[PDB]
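Here is the structure we will look at.
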Amino acid sequence: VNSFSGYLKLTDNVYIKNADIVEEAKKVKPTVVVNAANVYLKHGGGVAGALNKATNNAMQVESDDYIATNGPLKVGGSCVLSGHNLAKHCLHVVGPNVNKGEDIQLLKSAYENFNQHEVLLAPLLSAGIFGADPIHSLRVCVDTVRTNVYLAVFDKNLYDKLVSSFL
Ligand SMILES: Cn1ncc(C(=O)O)c1-c1ccccc1
């Protein structure tokens, strides 16, 4: 049993809810929250900008030190950093950004990072301002992630379309 509440069960291991991932993280304090990161860990907008704002910019300060030491992530890659006030850990995962022309086949590689964690609170990778089709992102998630993933979807309209169209 875990603390997640109000989710619709899609599969053995994938759950979904219409929720603000920031408000959900603050309530649950999950072991892992996933950030929709870019390779520079520049948390300007979308999910990343909202998570970083909720940490009072401490996520960005920590991320700038990570990049200064290690250099940029790979598209499809990830790193584990602090969850600050939101979670124990933040898994920063880089899905491909269609608005930069990145290979959508890298979305499966991105979701494979989730398999290193038994339970996660996450957004749909490459959705929103990363430009991919969220229906596609949910299908790759279900077909790639084997650990228990609790997906938070920001737009109610999109949430209802994801559920209604789910095979
Ligand atoms: C495009 N996309 N992908 C995921 C989501 C979301 O609401 O989580 C969205 C979205 C859709 C409409 C407005 C805002 C976000």
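Computed over heavy atoms, backbone and side chain alike; hydrogens, waters and symmetry mates excluded. In each ligand, atom 1 is the first atom listed, and ligand 1 is the first ligand listed. Position 1 is the first residue of the sequence, and the numbers go up from there.
The aromatic rings of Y150 and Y7 lie perpendicular to each other, with more than 60° between the two planes, well past the 30° mark.
In terms of protein heavy-atom proximity, atom 8 (O) of ligand 1 is closest to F154 N, 3.2 Å. Of the protein's non-hydrogen atoms, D155 CB, 4.1 Å is the one closest to atom 14 (C) of ligand 1. Nearest protein heavy-atom contact of atom 2 (N) of ligand 1 is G128 N, 3.1 Å.
Ligand-side atoms of ligand 1 in range of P134: 3 (N), range being under 4.0 angstrom from any heavy atom.
Within the structure, every pair that satisfies the ring-ring contact (aromatic ring centres under 6.0 Å, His included) test and touches residues 63-111, not counting sequence neighbours, is listed here: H43-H92, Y111-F114.
With atom 9 (C) of ligand 1 as the reference point, the heavy atom nearest to it among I135, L158, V153, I129 is part of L158.
The only member of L151, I21, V34 that meets side chain to side chain contact (heavy atoms under 4.5 Å, CB included) when paired with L121 is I21.
Atom SG of residue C141 and atom NE2 of residue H136 lie 11.5 Å apart, to the nearest 0.5 angstrom.
The 12-atom threshold is not exceeded at CG of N56, counting heavy atoms of other residues, nucleotides or ligands nearer than 6.0 Å.
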